[PDB]
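This report concerns only the one structure given below.
Neighbour counts run over all protein chains shown; Cβ positions are idealised from the backbone, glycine included. Quick note: the coordinates plus some simple rules give every number you see, no bench work behind them.
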Amino acid sequence: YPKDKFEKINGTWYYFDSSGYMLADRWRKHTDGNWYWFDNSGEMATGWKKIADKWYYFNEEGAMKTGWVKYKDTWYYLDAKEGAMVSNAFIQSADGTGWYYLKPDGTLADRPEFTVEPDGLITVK
Amino acid sequence: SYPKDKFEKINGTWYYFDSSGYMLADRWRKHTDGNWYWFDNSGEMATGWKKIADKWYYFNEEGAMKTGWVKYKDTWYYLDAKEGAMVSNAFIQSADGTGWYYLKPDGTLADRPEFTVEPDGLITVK
Ligand SMILES: C[C@@H]1COc2c(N3CCN(C)CC3)c(F)cc3c(=O)c(C(=O)O)cn1c23
């Protein structure tokens, strides 16, 4: 029935490339510049979804988010470029004044603690 | 016979002429030795530290660009693993994932990096 467009079936959204085949386990750069993903059943991704070992975050419209994003009073940072969540890493502040540290589980360290070894190796908790 | 396919040492500095005899100038070159080289506007081969297109690089006495950690004048620096460009004002992971190393804006390693943490969690490194 559908073709080359988002299609809502039984309360769920799917996408049918310009040939009548619904995308399953497939990313797609929509005509709106946003990125969408469809799981094995063709369903449009919504919310935090893990795809190929990398975590992503889609809003309620199914559009992938990038950059800082708040999720239940806690921040995360999805690669401004690729969208994949960053973890155990330092992200430079917007005004290049400093850095924010993302714990190994994606969450922002509101209060990161450092300890410097004699050679300068920085360990964070 | 004009020079072709070789590094030519002309009274003083080093140069390189490709197979058609062109003198490489203001451009890189990946030699048959797996090394990258760079030449002046005058085609002189690069030695030591060179700033090329707003990025720093380090070549050995022989012109070969270096990558990774290099100690220069008793202080450590970190050249990109592939790119080779000198990293600065950034944190590099140690080879064993244990922690990190901070490279100052001037490229040098930080012995005693000083930390400051804002209320929201913003980190400042002196
Ligand atoms: C595709 C590549 C790879 O290598 C290059 C380089 N560099 C090669 C050396 N590395 C360390 C930095 C990139 C460059 F600076 C400019 C050009 C460049 O200008 C060019 C071109 O065709 O015009 C082609 N090449 C170029």
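Taking the criterion of being charged (D, E, K, R) and either within 16 Å of the ligand (Cβ to nearest atom) or under 30 Å from residue A:73 (Cα atoms) (or both), the residues of segment B:109-125 that qualify are B:114, B:118, B:120.
One line per residue, one yes/no per condition, for (1) more than 16 Å from the ligand (Cβ to nearest atom); (2) polar (S, T, N, Q):
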position: B:24; (1), (2): no, no
position: B:45; (1), (2): no, no
position: B:56; (1), (2): no, no
position: B:60; (1), (2): no, yes
position: B:69; (1), (2): yes, no
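Within segment B:1-22, the set of residues being within 16 Å of the ligand (Cβ to nearest atom) and surrounded by fewer than 15 Cβ atoms within 10 Å (Cβ to Cβ) comprises B:18, B:22. So if I check each of B:80, B:106, which one is under 16 Å from residue B:55 (Cβ atoms), surrounded by fewer than 18 Cβ atoms within 10 Å (Cβ to Cβ), away from the ligand (no atom under 16 Å from the Cβ) and under 15 Å from the mean Cα position of the chain (by Cα)? So the residue among B:80, B:106 that is under 16 Å from residue B:55 (Cβ atoms), surrounded by fewer than 18 Cβ atoms within 10 Å (Cβ to Cβ), away from the ligand (no atom under 16 Å from the Cβ) and under 15 Å from the mean Cα position of the chain (by Cα) is B:106. Looking at the structure I just gave you, is residue B:30 within 13 Å of the ligand (Cβ to nearest atom) and charged (D, E, K, R)? Judged against the criteria, residue B:30 is a match.
You will find that of B:48, B:99, the residue that is of a type in the set (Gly, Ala, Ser) and over 12 Å from the mean Cα position of the chain (by Cα) is B:99 and no other.
If you filter segment B:83-103 down to residues that are part of a strand (DSSP E or B) and of a type outside the set (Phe, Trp, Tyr), you find that the one that is farthest from the ligand (Cβ to nearest atom) is B:93. Cβ contacts < 7 Å: first residue touching a residue at least 60 places away in the same chain (Cβ under 8 Å) and more than 10 Å from every other protein chain (Cβ to nearest Cβ), restricted to segment A:91-110; second residue surrounded by 14 or more Cβ atoms within 10 Å (Cβ to Cβ) and in a loop (DSSP other than H, G, I, E, B), any location; separation 6+ or different chain. Result? Every condition considered, no pair remains.
Among the residues of segment B:111-122, those that are in a loop (DSSP other than H, G, I, E, B) and either facing chain A (nearest Cβ under 7 Å) or in contact with an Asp or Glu (Cβ under 8 Å, 6 or more places away or on another chain) (or both) comprise B:111, B:112, B:113, B:120, B:121, B:122.
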